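Engineer: Hey, dropping coords.cif in here, mmCIF, C-alpha atoms:
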data_structure
#
loop_
_atom_site.group_PDB
_atom_site.id
_atom_site.type_symbol
_atom_site.label_atom_id
_atom_site.label_comp_id
_atom_site.auth_asym_id
_atom_site.auth_seq_id
_atom_site.Cartn_x
_atom_site.Cartn_y
_atom_site.Cartn_z
ATOM 1 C CA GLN A 1186 26.565 13.648 -6.038
ATOM 2 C CA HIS A 1187 25.810 17.112 -7.406
ATOM 3 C CA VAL A 1188 26.595 19.406 -10.335
ATOM 4 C CA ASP A 1189 27.593 23.039 -9.765
ATOM 5 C CA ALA A 1190 26.263 25.731 -12.085
ATOM 6 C CA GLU A 1191 29.867 26.950 -12.221
ATOM 7 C CA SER A 1192 30.799 23.906 -14.299
ATOM 8 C CA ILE A 1193 27.573 23.671 -16.296
ATOM 9 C CA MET A 1194 28.294 27.254 -17.363
ATOM 10 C CA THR A 1195 32.073 27.038 -17.843
ATOM 11 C CA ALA A 1196 33.203 23.672 -19.217
ATOM 12 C CA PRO A 1197 34.686 22.616 -22.567
ATOM 13 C CA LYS A 1198 31.898 21.800 -25.021
ATOM 14 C CA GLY A 1199 32.694 18.086 -25.121
ATOM 15 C CA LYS A 1200 32.320 17.327 -21.406
ATOM 16 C CA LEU A 1201 29.889 14.585 -20.452
ATOM 17 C CA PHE A 1202 27.932 15.690 -17.376
ATOM 18 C CA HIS A 1203 26.158 13.280 -15.041
ATOM 19 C CA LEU A 1204 22.974 14.745 -13.575
ATOM 20 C CA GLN A 1205 20.965 12.852 -10.940
ATOM 21 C CA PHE A 1206 17.188 13.133 -10.635
ATOM 22 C CA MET A 1207 15.208 11.757 -7.723
ATOM 23 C CA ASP A 1208 11.932 9.994 -8.527
ATOM 24 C CA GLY A 1209 9.820 10.983 -5.545
ATOM 25 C CA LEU A 1210 6.888 8.641 -6.108
ATOM 26 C CA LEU A 1211 7.694 6.677 -2.958
ATOM 27 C CA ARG A 1212 8.653 9.423 -0.500
ATOM 28 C CA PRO A 1213 6.971 8.695 2.865
ATOM 29 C CA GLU A 1214 4.240 11.070 4.089
ATOM 30 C CA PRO A 1215 4.899 12.976 7.341
ATOM 31 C CA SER A 1216 2.709 12.058 10.326
ATOM 32 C CA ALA A 1217 -0.318 14.333 10.577
ATOM 33 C CA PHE A 1218 0.762 15.834 13.886
ATOM 34 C CA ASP A 1219 4.498 16.342 13.252
ATOM 35 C CA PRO A 1220 5.442 20.061 13.256
ATOM 36 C CA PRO A 1221 6.872 21.618 10.045
ATOM 37 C CA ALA A 1222 10.593 21.755 9.265
ATOM 38 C CA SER A 1223 11.861 25.033 7.817
ATOM 39 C CA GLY A 1224 13.695 25.034 4.466
ATOM 40 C CA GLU A 1225 12.598 24.320 0.886
ATOM 41 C CA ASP A 1226 14.288 21.858 -1.459
ATOM 42 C CA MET A 1227 15.237 23.508 -4.792
ATOM 43 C CA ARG A 1228 16.225 22.311 -8.254
ATOM 44 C CA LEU A 1229 18.166 24.748 -10.410
ATOM 45 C CA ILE A 1230 19.026 22.499 -13.359
ATOM 46 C CA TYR A 1231 16.401 20.763 -15.523
ATOM 47 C CA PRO A 1232 16.282 18.464 -18.561
ATOM 48 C CA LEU A 1233 15.046 19.863 -21.915
ATOM 49 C CA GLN A 1234 13.890 16.395 -22.966
ATOM 50 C CA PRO A 1235 12.422 13.395 -21.193
ATOM 51 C CA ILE A 1236 14.875 11.438 -19.061
ATOM 52 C CA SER A 1237 14.058 7.761 -18.492
ATOM 53 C CA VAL A 1238 13.258 6.818 -22.046
ATOM 54 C CA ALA A 1239 14.577 3.451 -20.859
ATOM 55 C CA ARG A 1240 11.857 2.998 -18.245
ATOM 56 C CA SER A 1241 9.731 -0.130 -18.456
ATOM 57 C CA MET A 1242 8.140 -0.258 -15.002
ATOM 58 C CA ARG A 1243 7.604 2.112 -12.098
ATOM 59 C CA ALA A 1244 6.361 1.931 -8.493
ATOM 60 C CA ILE A 1245 5.781 -1.797 -8.061
ATOM 61 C CA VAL A 1246 3.959 -1.266 -4.774
ATOM 62 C CA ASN A 1247 0.293 -0.738 -4.040
ATOM 63 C CA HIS A 1248 -1.301 2.343 -2.537
ATOM 64 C CA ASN A 1249 -3.697 1.792 0.356
ATOM 65 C CA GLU A 1250 -6.242 4.370 -0.814
ATOM 66 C CA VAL A 1251 -6.324 4.694 -4.614
ATOM 67 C CA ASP A 1252 -6.509 1.487 -6.743
ATOM 68 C CA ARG A 1253 -3.185 2.155 -8.552
ATOM 69 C CA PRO A 1254 -0.405 4.539 -7.534
ATOM 70 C CA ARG A 1255 -0.308 7.836 -9.367
ATOM 71 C CA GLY A 1256 2.290 7.532 -12.102
ATOM 72 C CA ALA A 1257 2.769 3.764 -11.835
ATOM 73 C CA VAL A 1258 3.553 2.214 -15.220
ATOM 74 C CA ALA A 1259 2.751 -1.295 -16.456
ATOM 75 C CA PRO A 1260 5.197 -3.141 -18.769
ATOM 76 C CA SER A 1261 4.366 -2.872 -22.507
ATOM 77 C CA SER A 1262 2.537 -5.784 -24.140
ATOM 78 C CA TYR A 1263 5.400 -6.261 -26.582
ATOM 79 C CA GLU A 1264 7.730 -7.235 -23.729
ATOM 80 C CA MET A 1265 5.527 -10.293 -23.433
ATOM 81 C CA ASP A 1266 4.507 -11.395 -26.988
ATOM 82 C CA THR A 1267 6.794 -14.333 -27.760
ATOM 83 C CA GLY A 1268 4.992 -14.750 -31.046
ATOM 84 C CA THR A 1269 6.713 -16.985 -33.531
ATOM 85 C CA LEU A 1270 9.736 -17.772 -35.568
ATOM 86 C CA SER A 1271 8.616 -17.142 -39.127
ATOM 87 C CA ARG A 1272 9.723 -19.728 -41.687
ATOM 88 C CA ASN A 1273 12.291 -17.175 -42.858
ATOM 89 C CA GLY A 1274 13.847 -17.114 -39.399
ATOM 90 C CA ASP A 1275 12.734 -13.586 -38.557
ATOM 91 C CA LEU A 1276 10.873 -13.169 -35.256
ATOM 92 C CA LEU A 1277 7.245 -12.046 -35.273
ATOM 93 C CA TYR A 1278 4.729 -10.641 -32.812
ATOM 94 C CA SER A 1279 1.489 -12.644 -32.527
ATOM 95 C CA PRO A 1280 -1.159 -11.618 -35.076
ATOM 96 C CA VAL A 1281 -3.718 -9.137 -33.714
ATOM 97 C CA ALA A 1282 -6.557 -10.791 -35.622
ATOM 98 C CA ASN A 1283 -7.425 -13.941 -37.568
ATOM 99 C CA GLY A 1284 -5.908 -14.336 -41.035
ATOM 100 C CA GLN B 1186 -0.404 -4.271 32.414
ATOM 101 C CA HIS B 1187 -3.516 -6.337 31.720
ATOM 102 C CA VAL B 1188 -6.572 -7.812 33.440
ATOM 103 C CA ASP B 1189 -7.585 -11.440 32.862
ATOM 104 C CA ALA B 1190 -11.257 -12.324 32.514
ATOM 105 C CA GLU B 1191 -10.492 -15.121 34.979
ATOM 106 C CA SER B 1192 -10.119 -12.550 37.754
ATOM 107 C CA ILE B 1193 -12.838 -10.166 36.581
ATOM 108 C CA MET B 1194 -15.174 -13.166 36.787
ATOM 109 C CA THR B 1195 -13.862 -14.789 39.981
ATOM 110 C CA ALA B 1196 -12.712 -12.248 42.571
ATOM 111 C CA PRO B 1197 -14.083 -11.231 45.980
ATOM 112 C CA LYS B 1198 -16.670 -8.474 45.569
ATOM 113 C CA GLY B 1199 -14.519 -5.824 47.240
ATOM 114 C CA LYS B 1200 -11.486 -6.026 44.942
ATOM 115 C CA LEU B 1201 -10.372 -2.809 43.286
ATOM 116 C CA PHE B 1202 -9.427 -3.548 39.670
ATOM 117 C CA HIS B 1203 -7.170 -1.312 37.593
ATOM 118 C CA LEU B 1204 -8.131 -1.280 33.918
ATOM 119 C CA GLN B 1205 -6.008 0.574 31.343
ATOM 120 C CA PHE B 1206 -7.485 2.190 28.237
ATOM 121 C CA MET B 1207 -5.406 3.530 25.378
ATOM 122 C CA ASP B 1208 -6.466 6.861 23.870
ATOM 123 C CA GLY B 1209 -5.598 6.321 20.225
ATOM 124 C CA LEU B 1210 -6.038 9.881 18.989
ATOM 125 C CA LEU B 1211 -2.328 10.213 18.247
ATOM 126 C CA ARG B 1212 -1.481 6.816 16.753
ATOM 127 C CA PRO B 1213 0.732 7.352 13.670
ATOM 128 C CA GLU B 1214 -0.688 6.477 10.233
ATOM 129 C CA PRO B 1215 1.061 3.701 8.266
ATOM 130 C CA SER B 1216 2.874 4.755 5.080
ATOM 131 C CA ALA B 1217 0.649 4.377 2.029
ATOM 132 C CA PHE B 1218 2.824 1.701 0.454
ATOM 133 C CA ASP B 1219 3.631 -0.449 3.511
ATOM 134 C CA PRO B 1220 2.125 -3.965 3.208
ATOM 135 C CA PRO B 1221 -0.499 -5.091 5.783
ATOM 136 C CA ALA B 1222 0.383 -6.891 9.016
ATOM 137 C CA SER B 1223 -1.858 -9.817 9.946
ATOM 138 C CA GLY B 1224 -3.626 -9.842 13.332
ATOM 139 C CA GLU B 1225 -6.413 -7.725 14.841
ATOM 140 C CA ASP B 1226 -6.224 -5.942 18.187
ATOM 141 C CA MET B 1227 -9.186 -6.865 20.447
ATOM 142 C CA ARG B 1228 -10.776 -5.451 23.588
ATOM 143 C CA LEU B 1229 -12.843 -7.843 25.677
ATOM 144 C CA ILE B 1230 -13.560 -5.645 28.702
ATOM 145 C CA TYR B 1231 -15.391 -2.299 28.490
ATOM 146 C CA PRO B 1232 -16.556 0.463 30.843
ATOM 147 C CA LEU B 1233 -20.309 0.867 31.538
ATOM 148 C CA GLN B 1234 -19.808 4.572 32.238
ATOM 149 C CA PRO B 1235 -17.547 7.286 30.889
ATOM 150 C CA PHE C 1088 -18.586 -36.300 7.290
ATOM 151 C CA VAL C 1089 -18.615 -33.162 5.133
ATOM 152 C CA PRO C 1090 -20.406 -30.213 6.661
ATOM 153 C CA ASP C 1091 -23.293 -28.990 4.534
ATOM 154 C CA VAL C 1092 -23.121 -25.342 3.468
ATOM 155 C CA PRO C 1093 -25.649 -23.140 5.350
ATOM 156 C CA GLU C 1094 -28.554 -21.530 3.481
ATOM 157 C CA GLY C 1095 -27.384 -17.900 3.635
ATOM 158 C CA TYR C 1096 -23.874 -18.387 2.190
ATOM 159 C CA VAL C 1097 -22.776 -16.925 -1.156
ATOM 160 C CA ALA C 1098 -20.340 -18.854 -3.342
ATOM 161 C CA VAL C 1099 -17.220 -16.916 -4.321
ATOM 162 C CA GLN C 1100 -14.359 -18.035 -6.554
ATOM 163 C CA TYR C 1101 -11.020 -17.133 -5.005
ATOM 164 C CA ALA C 1102 -9.042 -14.611 -6.986
ATOM 165 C CA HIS C 1103 -6.048 -12.435 -6.206
ATOM 166 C CA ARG C 1104 -8.248 -9.506 -7.121
ATOM 167 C CA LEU C 1105 -10.554 -9.984 -4.118
ATOM 168 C CA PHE C 1106 -7.942 -9.132 -1.522
ATOM 169 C CA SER C 1107 -5.980 -5.910 -1.313
ATOM 170 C CA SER C 1108 -4.188 -3.564 1.032
ATOM 171 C CA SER C 1109 -6.336 -0.695 2.355
ATOM 172 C CA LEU C 1110 -6.223 2.028 4.997
ATOM 173 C CA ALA C 1111 -8.587 1.367 7.891
ATOM 174 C CA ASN C 1112 -8.286 2.910 11.344
ATOM 175 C CA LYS C 1113 -4.604 3.822 11.040
ATOM 176 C CA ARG C 1114 -3.364 0.543 9.586
ATOM 177 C CA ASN C 1115 -3.030 -1.304 6.284
ATOM 178 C CA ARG C 1116 -5.611 -4.056 6.415
ATOM 179 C CA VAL C 1117 -5.863 -7.070 4.109
ATOM 180 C CA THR C 1118 -9.254 -5.942 2.828
ATOM 181 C CA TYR C 1119 -11.626 -8.369 1.113
ATOM 182 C CA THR C 1120 -13.864 -6.679 -1.440
ATOM 183 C CA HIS C 1121 -17.065 -8.733 -1.812
ATOM 184 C CA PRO C 1122 -18.284 -9.359 -5.368
ATOM 185 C CA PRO C 1123 -22.084 -9.468 -4.884
ATOM 186 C CA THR C 1124 -22.199 -5.928 -3.418
ATOM 187 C CA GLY C 1125 -18.663 -4.600 -3.713
ATOM 188 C CA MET C 1126 -18.325 -3.660 -0.030
ATOM 189 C CA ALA C 1127 -14.774 -3.592 1.290
ATOM 190 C CA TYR C 1128 -14.133 -5.456 4.535
ATOM 191 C CA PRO C 1129 -10.837 -4.508 6.221
ATOM 192 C CA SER C 1130 -11.495 -6.766 9.266
ATOM 193 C CA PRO C 1131 -11.545 -10.608 9.113
ATOM 194 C CA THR C 1132 -14.546 -10.409 11.462
ATOM 195 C CA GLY C 1133 -17.944 -9.069 10.357
ATOM 196 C CA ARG C 1134 -17.553 -10.328 6.784
ATOM 197 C CA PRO C 1135 -20.629 -11.730 4.971
ATOM 198 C CA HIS C 1136 -21.025 -15.518 4.990
#
Any chance you could put this one into structure tokens?
Structural biologist:
Amino acid sequence: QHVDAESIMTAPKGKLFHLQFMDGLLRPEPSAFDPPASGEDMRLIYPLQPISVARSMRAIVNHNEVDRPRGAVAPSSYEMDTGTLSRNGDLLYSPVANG
Amino acid sequence: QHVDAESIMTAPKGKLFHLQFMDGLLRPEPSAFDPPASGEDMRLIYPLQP
Amino acid sequence: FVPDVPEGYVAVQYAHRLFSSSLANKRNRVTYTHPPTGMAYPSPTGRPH
């Protein structure tokens, strides 16, 4: 689904819009000999701030040329540090060093 | 169609064989992210001349 | 009987790291990079002992 500029420009201030943004990391490459198509894709409306602050991983595939895909993101180490239950009952990350 | 080595090796001397040879100039490239398939293509019988 | 290992062979610990996808003659081969020299070997044949 799409969002007209007509509404982005003339809506009551409280409206919650829902923009969609393709992540094109995994778009297939055209065959080397296939003739060009004609038009250009265009994007009129852009975020002012990063979208996908929620992202934890991206492009879990492997490229056949470069060792890791451009823009592929590994999960953060903190997603994986079970650490410990402190005697108080608060959770803790594992210590980074002895003592 | 294909030509068995069994016939290339045991046929009367006058037989006219018909070998086929792919020209692979225009084989499509695999997408960069598509996982490998397993086997290898092999060619046992080759021309001595162009 | 256990066949003895021939004199030219190099020992290699298996690891997931050794094998990968790679482009090679218009297909994605299961390449084996070879730790002593680092050469990639897209084909199962022609690999070092």
Engineer: Determine the residue set returned by the PyMOL selection byres ((chain C) within 7 of (chain A)) for the present structure, and present it as a ChimeraX atom specification.
Structural biologist: /C:1108-1110,1115
Engineer: One number please: atom CA of residue 1221 of chain B to atom CA of residue 1106 of chain C, in Å, one decimal.
Structural biologist: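 It comes out at 11.2 Å.
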Engineer: Compute the chain A side of the contact with chain B at 10 Å, counting only C-alpha atoms, and hand it back as a short mmCIF file (atom, residue, chain, number, x, y, z; two decimals) with C-alpha atoms, keeping the file's coordinate frame.
Structural biologist:
data_model
loop_
_atom_site.label_atom_id
_atom_site.label_comp_id
_atom_site.auth_asym_id
_atom_site.auth_seq_id
_atom_site.Cartn_x
_atom_site.Cartn_y
_atom_site.Cartn_z
CA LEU A 1211 7.69 6.68 -2.96
CA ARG A 1212 8.65 9.42 -0.50
CA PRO A 1213 6.97 8.70 2.86
CA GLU A 1214 4.24 11.07 4.09
CA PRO A 1215 4.90 12.98 7.34
CA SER A 1216 2.71 12.06 10.33
CA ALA A 1217 -0.32 14.33 10.58
CA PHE A 1218 0.76 15.83 13.89
CA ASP A 1219 4.50 16.34 13.25
CA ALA A 1244 6.36 1.93 -8.49
CA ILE A 1245 5.78 -1.80 -8.06
CA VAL A 1246 3.96 -1.27 -4.77
CA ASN A 1247 0.29 -0.74 -4.04
CA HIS A 1248 -1.30 2.34 -2.54
CA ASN A 1249 -3.70 1.79 0.36
CA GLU A 1250 -6.24 4.37 -0.81
CA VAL A 1251 -6.32 4.69 -4.61
CA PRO A 1254 -0.40 4.54 -7.53
#
Engineer: With a distance cut-off of 12 Å and all atoms listed in the file, select the neighbouring residues of residue 1120 of chain C, excluding the residue or stretch itself and same-chain residues fewer than 4 positions from it, and output the selection as a list in words.
Structural biologist: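 Result of the neighbour search: residues 1099, 1101, 1102, 1103, 1104, 1105, 1106, 1107, 1108, 1109, 1116, 1124, 1125, 1126, 1127, 1128, 1129, 1130, 1131, 1134 and 1135 of chain C.
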Engineer: What is the distance between atom CA of residue 1279 of chain A and atom CA of residue 1266 of chain A, in Å to one decimal?
Structural biologist: 6.4 Å
Engineer: So what does the PyMOL selection byres ((chain A and resi 1206) around 12) actually pick up in this one, as a list in words?
Structural biologist: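 Listing what the PyMOL selection byres ((chain A and resi 1206) around 12) selects in the shown file: residues 1186, 1187, 1188, 1203, 1204, 1205, 1207, 1208, 1209, 1228, 1229, 1230, 1231, 1232, 1235, 1236 and 1237 of chain A.
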Engineer: What does the distance between atom CA of residue 1262 of chain A and atom CA of residue 1239 of chain A come to in Å, to one decimal place?
Structural biologist: 15.5 Å
Engineer: Run the PyMOL selection byres ((chain B and resi 1188) around 12) mentally over the shown coordinates, then write out the matched residues as number ranges by chain, using the chain letters and numbers from the document.
Structural biologist: B: 1186-1187, 1189-1194, 1196, 1201-1206, 1228-1231
Engineer: Tell me which of B:1227, B:1222, B:1207, B:1232 sits closest to chain C, counting all atoms listed in the file.
Structural biologist: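 Smallest separation from chain C among the options: B:1222.
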Engineer: Please determine an axis-aligned box that encloses all atoms of segment 1232-1248 of chain A listed in the file, with 3 Å added on each side, and express its centre and edge lengths in Å to one decimal as lines of an AutoDock Vina configuration file.
Structural biologist:
center_x = 7.5
center_y = 9.0
center_z = -12.8
size_x = 23.6
size_y = 27.7
size_z = 26.4
Engineer: Missing atoms in segment 1263-1278 of chain A: fill them in up to N, CA, C and O atoms and send the result as a PDB file, in the coordinates of the input.
Structural biologist:
ATOM      1  N   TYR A1263       4.392  -5.720 -25.691  1.00  0.00           N
ATOM      2  CA  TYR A1263       5.400  -6.261 -26.582  1.00  0.00           C
ATOM      3  C   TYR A1263       6.529  -6.944 -25.827  1.00  0.00           C
ATOM      4  O   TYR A1263       7.236  -7.771 -26.392  1.00  0.00           O
ATOM      5  N   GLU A1264       6.700  -6.600 -24.551  1.00  0.00           N
ATOM      6  CA  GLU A1264       7.730  -7.235 -23.729  1.00  0.00           C
ATOM      7  C   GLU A1264       7.353  -8.686 -23.534  1.00  0.00           C
ATOM      8  O   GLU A1264       8.191  -9.515 -23.194  1.00  0.00           O
ATOM      9  N   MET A1265       6.073  -8.984 -23.748  1.00  0.00           N
ATOM     10  CA  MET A1265       5.527 -10.293 -23.433  1.00  0.00           C
ATOM     11  C   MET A1265       4.981 -11.128 -24.608  1.00  0.00           C
ATOM     12  O   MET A1265       4.529 -12.248 -24.391  1.00  0.00           O
ATOM     13  N   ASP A1266       5.014 -10.614 -25.839  1.00  0.00           N
ATOM     14  CA  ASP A1266       4.507 -11.395 -26.988  1.00  0.00           C
ATOM     15  C   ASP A1266       5.621 -12.231 -27.599  1.00  0.00           C
ATOM     16  O   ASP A1266       6.367 -11.730 -28.431  1.00  0.00           O
ATOM     17  N   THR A1267       5.744 -13.495 -27.200  1.00  0.00           N
ATOM     18  CA  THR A1267       6.794 -14.333 -27.760  1.00  0.00           C
ATOM     19  C   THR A1267       6.575 -14.509 -29.249  1.00  0.00           C
ATOM     20  O   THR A1267       7.526 -14.521 -30.033  1.00  0.00           O
ATOM     21  N   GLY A1268       5.316 -14.618 -29.642  1.00  0.00           N
ATOM     22  CA  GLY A1268       4.992 -14.750 -31.046  1.00  0.00           C
ATOM     23  C   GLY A1268       5.599 -15.990 -31.636  1.00  0.00           C
ATOM     24  O   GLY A1268       5.466 -17.078 -31.080  1.00  0.00           O
ATOM     25  N   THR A1269       6.284 -15.829 -32.759  1.00  0.00           N
ATOM     26  CA  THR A1269       6.713 -16.985 -33.531  1.00  0.00           C
ATOM     27  C   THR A1269       7.993 -16.748 -34.299  1.00  0.00           C
ATOM     28  O   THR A1269       8.356 -15.617 -34.620  1.00  0.00           O
ATOM     29  N   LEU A1270       8.684 -17.835 -34.589  1.00  0.00           N
ATOM     30  CA  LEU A1270       9.736 -17.772 -35.568  1.00  0.00           C
ATOM     31  C   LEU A1270       9.068 -18.033 -36.904  1.00  0.00           C
ATOM     32  O   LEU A1270       8.509 -19.104 -37.137  1.00  0.00           O
ATOM     33  N   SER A1271       9.121 -17.034 -37.773  1.00  0.00           N
ATOM     34  CA  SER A1271       8.616 -17.142 -39.127  1.00  0.00           C
ATOM     35  C   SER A1271       9.500 -18.134 -39.864  1.00  0.00           C
ATOM     36  O   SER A1271      10.646 -18.352 -39.472  1.00  0.00           O
ATOM     37  N   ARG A1272       8.972 -18.734 -40.926  1.00  0.00           N
ATOM     38  CA  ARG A1272       9.723 -19.728 -41.687  1.00  0.00           C
ATOM     39  C   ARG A1272      11.037 -19.144 -42.195  1.00  0.00           C
ATOM     40  O   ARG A1272      12.019 -19.866 -42.352  1.00  0.00           O
ATOM     41  N   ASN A1273      11.061 -17.835 -42.433  1.00  0.00           N
ATOM     42  CA  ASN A1273      12.291 -17.175 -42.858  1.00  0.00           C
ATOM     43  C   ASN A1273      13.358 -17.115 -41.771  1.00  0.00           C
ATOM     44  O   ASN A1273      14.548 -17.009 -42.061  1.00  0.00           O
ATOM     45  N   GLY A1274      12.930 -17.207 -40.519  1.00  0.00           N
ATOM     46  CA  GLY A1274      13.847 -17.114 -39.399  1.00  0.00           C
ATOM     47  C   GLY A1274      13.771 -15.779 -38.680  1.00  0.00           C
ATOM     48  O   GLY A1274      14.396 -15.597 -37.636  1.00  0.00           O
ATOM     49  N   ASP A1275      13.041 -14.830 -39.255  1.00  0.00           N
ATOM     50  CA  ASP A1275      12.734 -13.586 -38.557  1.00  0.00           C
ATOM     51  C   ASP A1275      11.682 -13.807 -37.469  1.00  0.00           C
ATOM     52  O   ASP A1275      10.755 -14.588 -37.645  1.00  0.00           O
ATOM     53  N   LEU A1276      11.834 -13.107 -36.348  1.00  0.00           N
ATOM     54  CA  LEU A1276      10.873 -13.169 -35.256  1.00  0.00           C
ATOM     55  C   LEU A1276       9.632 -12.372 -35.610  1.00  0.00           C
ATOM     56  O   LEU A1276       9.715 -11.395 -36.350  1.00  0.00           O
ATOM     57  N   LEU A1277       8.489 -12.771 -35.062  1.00  0.00           N
ATOM     58  CA  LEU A1277       7.245 -12.046 -35.273  1.00  0.00           C
ATOM     59  C   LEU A1277       6.439 -11.919 -33.984  1.00  0.00           C
ATOM     60  O   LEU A1277       6.426 -12.826 -33.156  1.00  0.00           O
ATOM     61  N   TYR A1278       5.759 -10.790 -33.829  1.00  0.00           N
ATOM     62  CA  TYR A1278       4.729 -10.641 -32.812  1.00  0.00           C
ATOM     63  C   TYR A1278       3.509 -11.472 -33.204  1.00  0.00           C
ATOM     64  O   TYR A1278       3.316 -11.763 -34.380  1.00  0.00           O
TER      65      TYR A1278
END
